[PDB]
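**Q** Dumping the structure here so I can ask a few things about it.
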């Protein structure tokens, strides 16, 4: 019929919206986790430099 | 004379109605069969949308 087609269109539009939001959230999560692991490496490096300075002291 | 004309006219007159009667009833039956076909097709997806009414 006709209204069934409208329902089919609507039931896919929200699917597209959800997929777009999912992609955005995935990108943001990956970027944040990469920054966090980089800061972990930074903290390890800072600990090593503190240890070396304590050795010189 | 004109009597013969009357006999011929009346005799041929009966021909047209009776032959057309069968065609008329066949037309009615075929029309009704097609209408029933459409009604059977009509209610199915109608109820499907009734279920699909607001999901």
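For chain B, we keep the numbers from Swiss-Prot: what you see runs 230-284, in order.
Header lists the method as electron microscopy, 3.5 Å.
Including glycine, each Cβ sits where the backbone N, Cα and C put it.
In case it's useful when we look at the structure, here is the feature table from Swiss-Prot:
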type: MOD_RES; residues: B:252; note: phosphoserine
type: MOD_RES; residues: B:261; note: phosphotyrosine
type: MOD_RES; residues: B:271; note: phosphoserine
type: MOD_RES; residues: B:283; note: phosphoserine
**Q** Name the one residue among B:261, B:271, B:283 whose Cα is closest in three-dimensional space to that of residue B:252 (phosphoserine); these are the modified residues.
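**A** For residue B:252 (phosphoserine), the closest Cα among B:261, B:271, B:283 is found at B:261.
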**Q** Roughly how many Å separate the Cα of residue B:271 (phosphoserine) from that of residue B:261 (phosphotyrosine), to the nearest whole number?
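**A** With the alpha carbons as reference points, the distance is 15 Å.
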**Q** By the DSSP assignment reduced to helix, strand and coil, which category contains residue B:283 (phosphoserine)?
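**A** Coil, per DSSP.
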**Q** Within a 10 Å radius of its Cβ, which of these modified residues (B:252, B:271, B:283) has the fewest neighbouring Cβ atoms?
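**A** Each of the modified residues B:252, B:271, B:283 was scored by Cβ atoms within 10 Å; lowest is B:283.
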**Q** Reported as an integer number of Å, what is the Cα distance between residue B:283 (phosphoserine) and residue B:261 (phosphotyrosine)?
**A** 34
**Q** So if I measure Cβ to Cβ from the residue listed as 'phosphotyrosine' and keep only same-chain residues at least 6 apart in sequence, which ones fall under 8 Å?
**A** none
